[PDB]
Each structure stands twice: as C-alpha cells, then as structure tokens.
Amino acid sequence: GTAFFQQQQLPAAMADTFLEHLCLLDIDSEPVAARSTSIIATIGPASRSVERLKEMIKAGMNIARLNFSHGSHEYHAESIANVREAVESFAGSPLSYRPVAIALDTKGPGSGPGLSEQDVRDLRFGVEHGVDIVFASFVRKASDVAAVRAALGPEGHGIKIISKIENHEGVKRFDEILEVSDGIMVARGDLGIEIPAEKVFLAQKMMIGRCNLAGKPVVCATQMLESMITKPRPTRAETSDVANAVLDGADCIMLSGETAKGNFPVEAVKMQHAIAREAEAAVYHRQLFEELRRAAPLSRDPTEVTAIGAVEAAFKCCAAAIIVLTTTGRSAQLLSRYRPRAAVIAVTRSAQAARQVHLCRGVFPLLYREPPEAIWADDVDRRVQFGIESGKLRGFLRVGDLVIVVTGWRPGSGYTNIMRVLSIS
C-alpha cells in the first residue's frame, strides 16, 4: 500500500543523494520499526526502587549501569538484586519478557598508572555477582584492557569489556584499544575536560565511525538530556544531541544523572526512546549499507558470509525481521554490523548472551526457556516459532510479512551457515 511507503521516512530512504534524503524528511512520517538503539540507564537513588525499575524497563531501559565511583559493594549488590527482581517480575510471560543487562562502570586509575587496587576488588565483585559488561574507565592503551581482562579471571571470560575513551591518549591510541576491546564508550564528561570542549564532537564521530567499520558496539554517553535532571522537558540542543548520536551510528545511548539522581528517570528513558525511534527512521540506509559493505573486508567465516547474504536478502524484500538463533550473540552481532532496517530478533537459551546483545544496534533478544527437543531440527524449529510468536505479540510481525531466518548446520556456537526466506502465517 501507499500508506506503508509514506511511514518510517521511506520517501527519504529512496533518495538518490544524501541532500535529497534530508529534503524529503517528513515530521508527519511516523516511525513503525521497533527502537533499535539501546538505552543504558545509570542506577542510583532515583531509580533503585523495584517498582520504579519496572517502570523503567517498560519505558525502554535495556542496560542498567552500576557506577562504582559512588557507593559501596553492599550498595551495588542491593542495586543488582532490585534490578533482577524487577526484570524477573515479567518472566511469567515468556513471549514478552525483556532481558536487561547489568554493567559495572569502574572508578578508574586516578593518578595511578595501571589497574588500581579498588578496581581489582570491584572487578572481582562483578564476576561474583554475574555482571554482563564492564565499562572500563580511563582506558589509555591496550595493556589497560588486558589488565581488566586478567582481573576478571577465568570465571569472567564471558564478560564484555567496553573501553571508555576519556582523554587525549585514549583517542590517539584508539585503534590498539578497539582491537582488544569488545566495544567503546565515548565518555564525553571527562573527554570534554581532557581535550578542548569544541573538539569532543570530532572524537565522538571518529570513534563511532571506526566502531561501525569494526562491527563493534559503541556507546554515546554523558549530558545527553542533562537538563532533565531537574526539568520535565529537555532543551532543543539535548534532543538534537540524542538524534545526532543515533544518526552518527551509536549502538547505545546513555543516561547518567538523569536516571541516577534526577526527578524524571522514567521520562528521561521515554524521551531517549522517542528520539531514537525518529532518528533511526531518518538514517540514510542506501549510503550506509553500501559503505559498510564496501569497507568490510572479504571473509571466509561462514557466519560472516551468511550475515551479509541475510542483510542483502532482508533489504530486497523489505523483511520485517531477521530471526537468528545464537548461543553467544555473535551471529546477531554480525547481522547488526551491516545495519539492516529489519529488526534482528535473536533467540537464545543463554540468559547472559540475551542481556549482552543489547550492546548491538537493532538486536532484540528473546530468552528461550524450554528444555531441548530430542530431534535437533525440531528444537531449531520450535525456537524459530518462539521468535515469530514473540514478534507477533510485540508488534514486529504480522501475517503476510517476509522474514529472513538465520541458523546453523549443527548444535553449538560458531556454525551459523543457513539463510532462509520465510512467509509469516
């Protein structure tokens, strides 16, 4: 229908130049796709209540950030427990259950050279409490990441390390830091004090571009909706900042004082959700997919090869979703790096992977709880149907939609190799 092609900035998406794309942007073209940029909310006194955390999960919070610069281990353990209680209160309905990752943000090495002794103790606390992600403060070189990795020990091998770039050295040694990190955070607060304030946007845009090229998650952080700490509505500069972080290519956007200590934590999450949805429809996919495709090197890894085939197939038919089965989240991450317009519905049995895939733009995790079927192909089919039924319930899919289904040839991680075109019945 013509109405379908007027929504989600589709006239602007068909443009032959970026300039014509901008000219075709329409404030009356409503977003239809699910919001794909994850929201990280910092936990604090304004957002620790189990009832308030349920409201924040409903508003769109995907990752709960524990800022280890404030509070003791006992404070952070109560934070984790309240987060988990609010998250599990929705587990009774598996088709709508929303996993929420827990991220530990370290205090950092102040005047110190390597990992501080408080960071070693906090990192071990994170492993003991099962945190999914570490936002490592003031990462200046590859050896800082290795030290964080070593402090996590053998039991924390699965924890994702997102390096926070907060100073000139981190920006200059960015390539070597990205190579050993799982992702990056553009920590604009310290960065804006360490380098001239008028240069932070160059560092943000460069880091987001390089992370998009590398296919690794990038978070835009600090003062995105600052005035909402005290005011019910943000400034014109703040909504523009959130929209531009999404247009830049950020996988995640963050709220600090806005959720940790402010008077409007739920509204700040709702505002980021509303802006991100509008900005995602305004992305010029024609140029973006072409440039990601051109820049990505050749690969002999079947997961990487299946991912680009599936993203190309999704664009060809305007697929509502790409449903992928994943154990570690890697197959969903490889789909996400090509920035499909189609939602990537990731079905997994790993509760940790379901939480961690929120780092990748456009990945919607579904935690599958059923015990395995005796026939492996039936187990695969049951999981795919769970993705379809959840997708229908949540509004991602309707009967008649085309979906791309990504699976593997045998059980266990690392064997994704199949792409299949499916009609929703």
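Basically, rigid core = biggest C-alpha set you can superpose within 1.5 Å across the two forms. One rule holds for the numbers: they count along the sequence shown, beginning at 1.
Of 88-96 and 192-200, the stretch whose C-alpha atoms sit farther from the shown form in 9 other deposited structures of this protein, after fitting on the rigid core, is 88-96.
Averaged over Cα atoms, the B-factor as recorded in the entry is higher for 285-293 than for the other of 329-337 and 285-293.
Averaged over CA atoms, B-factors in the entry run higher in 149-157 than in the other of 149-157 and 315-323. Going by the entry's values, 140 shows the largest Cα B-factor out of 188, 84, 216, 140. Of all the options 302, 109, 257, 209, the entry's greatest CA B-factor is assigned to 109.
Sort the chain's modelled residues by C-alpha temperature factor and residue 194 lands in the highest third, per the entry. When the CA B factors of the chain's modelled residues are split into thirds, the value for residue 390 lands in the highest one. The entry lists a Cα temperature factor for residue 205 that places it in the lowest third of the chain's modelled residues. Split the chain's modelled residues into thirds by C-alpha temperature factor. Residue 384 is in the middle one. When the CA B factors of the chain's modelled residues are split into thirds, the value for residue 125 lands in the middle one.
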